[PDB]
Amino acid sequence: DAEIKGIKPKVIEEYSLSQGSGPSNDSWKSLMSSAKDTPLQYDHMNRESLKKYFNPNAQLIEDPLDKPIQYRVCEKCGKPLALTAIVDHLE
């Protein structure tokens, strides 16, 4: 359609969009302190909508049919065990 001249200068300023386009110095490993502070997040179940429209103590499994059930079977008693239950069972 119409050709772009640029981003509005005001928007460049407000949002600090000027970024020296050499390679970044960021590290994903630096996210860890913030991640430890932060409650469990879902990719596509919005936290604020969950508070409004669901119960505060709701169990939630995101994309529960994404993959088959992840379990192992006890060799003693043949019980199917969730990954987070295996260590405790082995006792």
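Take the two forms, find the largest set of C-alpha atoms that superpose within 1.5 Å, and that set is the rigid core. When you see a residue number, it is the position in the sequence shown, counting from 1.
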## Note on the structure
Core superposition done, the stretch whose Cα atoms deviate more in 4 other deposited structures of this protein, picking from 26-34 and 48-56, is 26-34
### Query
Of the other PDB entries compared that resolve residues on either side of residue 18, does at least a third omit it?
yes
### Query
At least a third of the other compared entries lacking residue 5?
yes
## Note on the structure
Higher of the two mean Cα B-factors (22-30, 52-60; per PDB record) comes from 22-30
### Task
Decide which of the stretches 8-16 and 64-72 has the higher mean C-alpha B-factor, going by the entry.
8-16
